[PDB]
Structures are given as structure tokens and as C-alpha cells.
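Take a look at the structure set out below.
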Amino acid sequence: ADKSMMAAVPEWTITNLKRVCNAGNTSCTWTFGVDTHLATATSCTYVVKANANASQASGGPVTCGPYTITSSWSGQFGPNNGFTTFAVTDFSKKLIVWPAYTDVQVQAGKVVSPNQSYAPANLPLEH
Amino acid sequence: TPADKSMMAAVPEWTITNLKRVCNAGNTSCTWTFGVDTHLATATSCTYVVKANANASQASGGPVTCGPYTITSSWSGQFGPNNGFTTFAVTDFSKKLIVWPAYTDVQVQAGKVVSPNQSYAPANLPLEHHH
């Protein structure tokens, strides 16, 4: 038997996503909004620090409004295809999305356009 | 350029089949076994081993290749240990598609197959095959 874990709600849009890292790459500040389209959007500032290579570091958990956010960077496909995945969880709703951005997309410190939308999945936590 | 873009690919959901975690007695190795069934093709069977000096069940794994897939995993206790959960990242590099199956420790701790099989909608990952 098969069960779809995808929620029957609109995709969540990650708005105006950008990554700004300091000169030494020991701190990267990600800013974005989370717009579920069914409620007021949430604005987030998400800072990842490291002794070296903050852009490769795993971040969080960070709270932003109803969300708990982490991130993980992967160079599994080589540096040219490095990418960061966020895990954005609304614990109250038991919903999770995983926005994922290549370094190519965010390296210039400009906002990613278009905004990217993701379908939430159910996470069967026990409250 | 449009304002917004759905990243969800126009393909059937990938079903993770017969998922099981078995860790050794000292929790220095956990073997996850599961299939990736995209339905568009016959399923791929995978054996995914995560090793650690301690607490392999909490350790990040991969990358491991299984058929066309590259797989990593990360465990999170952000909601407390009773709500620990493992998230996989399963990417088909050639198709530029990725899913993130996620299982709570409660679901897998018995070492028994998770049922029902859980399916996930793939997202597009805009990797550059042409640098």
C-alpha cells in the first residue's frame, strides 16, 4: 500500500531569497519570506556562522514566526554544482518544505528571480 | 521573467518502498534498505549504510550512489528526542530531480518495514550539466 505525504494546500513561495556572506566566508545571512498564500507571509533573517566556509555550513535550527528552519549544503556533485537545502517546518501544522538553491543562483548576493514555490509534505510527528 | 515559478516537476510521485532501518547493537552502523519507485521506470533497490564512531542513528550519511540516485541523510532532534526524524535527499542527477523522504524514529525504531509506503513529489533542482 502507498500513501502520498504531500499536503493538499497551495505550494509555499519563498520570496526574495538572497544570501550575503561576509568577506571571509565565516558568516552568511539569508533573507527571505515564506508565503503559504492562505495566511500572511512571514519575513525571515537566517544567519549561518562557521569558523571557515559558512557557505558550506549546516545552519539552524532557527525560529522564524511559526517555522523552524535548518539548512545543509552539499558538494556531492562538485563545487560547480554546490547547493543548499533548507528544511522549513511549521511544527503546529506538521508541514515541511525543502527549498533548494544552487550556489550559482545565490552567489552574486542578488535576489533569486523568479521566486520559487514548493509543495509541503506532512511530517507525522507526535504532539 | 515571471514573478514566481513552481519547482514541482510534472512527474508521478516517487514512492519509497519497503523502508527499514536496522542499527547494530552499539549504534555505530545503521543500514537503511528501501526502493525508489518513480513509476515511470521500474524501481531501484538501495542499501544505504551510515557509520559513526557513536550514534549512527543520528549521523549524517552519504553521499551514496544507488542506481541513478545520489543519496544523503540528516537526522534532527530539533523537536526533542521523542520527535527525532531522519530526512533523506534523493537526487537523480541526470533528471535534475530531488525528493526528501522523512521518517520519524518512532516509525523505524522497531527495525520493521514502514507501511504504508510513503510517496513524495519530486522538485526540479537547476543543476548545470554544462557549467
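Order of the sequence lines fixes the chain letters, A, B, ..., with proteins taken first and strands second; residue numbering starts at 1 for each chain. When reading the values below, keep in mind they use all heavy atoms of this one structure, side chains included, and skip hydrogens, waters and symmetry mates.
Between A:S4 and B:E13, the side chains place a donor N or O and an acceptor N or O closer than 3.5 Å (distance only, hydrogens not considered). There is a side-chain donor-acceptor pair under 3.5 Å between B:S57 and B:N27. A donor-acceptor pair shorter than 3.5 Å cannot be found between the side chains of A:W73 and A:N53. For the residue pair A:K18 and A:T31, no side-chain donor N or O sits within less than 3.5 Å of a side-chain acceptor on the partner.
Hydrophobic clustering keeps A:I96 apart from A:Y118 (ILVMFWY residues linked when any side-chain heavy atoms are closer than 4.5 Å, directly or through intermediates). Cluster membership check: A:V97 does not share its hydrophobic cluster with B:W100, using side-chain heavy-atom separations under 4.5 Å among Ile, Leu, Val, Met, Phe, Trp and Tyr. By the criterion of side-chain heavy atoms lying less than 4.5 angstrom apart, applied directly or through intervening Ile, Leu, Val, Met, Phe, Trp or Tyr residues, A:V48 is grouped together with A:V88 in one hydrophobic cluster.
Going from atom CG of B:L127 over to atom OG1 of B:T91 covers 7.5 Å, rounded to the nearest 0.5 Å. Taken to the nearest 0.5 Å, the CD1 atom of B:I16 stands 9.0 Å off from the CG atom of B:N117. If you take CG on B:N124 and NZ on B:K5, they are separated by 8.0 Å, rounding to the nearest 0.5 Å. If you take CG on A:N16 and NZ on A:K110, they are separated by 14.0 Å, rounding to the nearest 0.5 Å. Put simply, CG on A:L95 and OG1 on A:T36 are 9.5 Å apart, with the number rounded to the nearest 0.5 Å.
The backbone N or O of A:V9 sits nowhere less than 3.5 Å from a side-chain atom of A:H37 that would complete a donor-acceptor pair.
Tested against A:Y67 for a ring-ring contact (aromatic ring centres under 6.0 Å, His included), the candidates A:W12, A:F32, A:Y46 yield a single pass: A:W12.
Within 6.0 Å of the NZ atom in B:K96, the count of heavy atoms belonging to other residues, nucleotides or ligands exceeds 12.
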*asked:* Please evaluate residues A:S117 and A:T13 with respect to the criterion side-chain hydrogen bond (donor to acceptor under 3.5 Å, both in side chains), reporting the C-alpha separation (whole Å), side-chain torsions for both, the decisive distance (0.1 Å), and the verdict.
replied: CA-CA 4 Å; A:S117 307; A:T13 302; 2.8 Å; yes
*Given B:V49 and B:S29, is the side chain to side chain contact (heavy atoms under 4.5 Å, CB included) satisfied, shown in steps?*
CA-CA 7 Å; B:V49 186; B:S29 186; 3.5 Å; yes
*Please walk me through it: do A:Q116 and A:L17 pass side chain to side chain contact (heavy atoms under 4.5 Å, CB included)?*
CA-CA 9 Å; A:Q116 296 188 177; A:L17 184 125; over 6 Å; no
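The disulfide (SG to SG under 2.5 Å) contacts involving residues 29-72 of chain A comprise A:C44-A:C64, where partners must be two or more places apart or lie in separate chains.
Taking the six-membered ring where the residue is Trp, B:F88 and B:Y103 present perpendicular rings, their angle passing 60° and hence far from 30°. Note: B:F85 and B:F79 have parallel aromatic rings, judged against thresholds of 30 and 60 degrees for the angle between ring planes.
Under the 4.5 Å side-chain criterion, counting only non-hydrogen atoms from C-beta, B:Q78 is in contact with A:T70.
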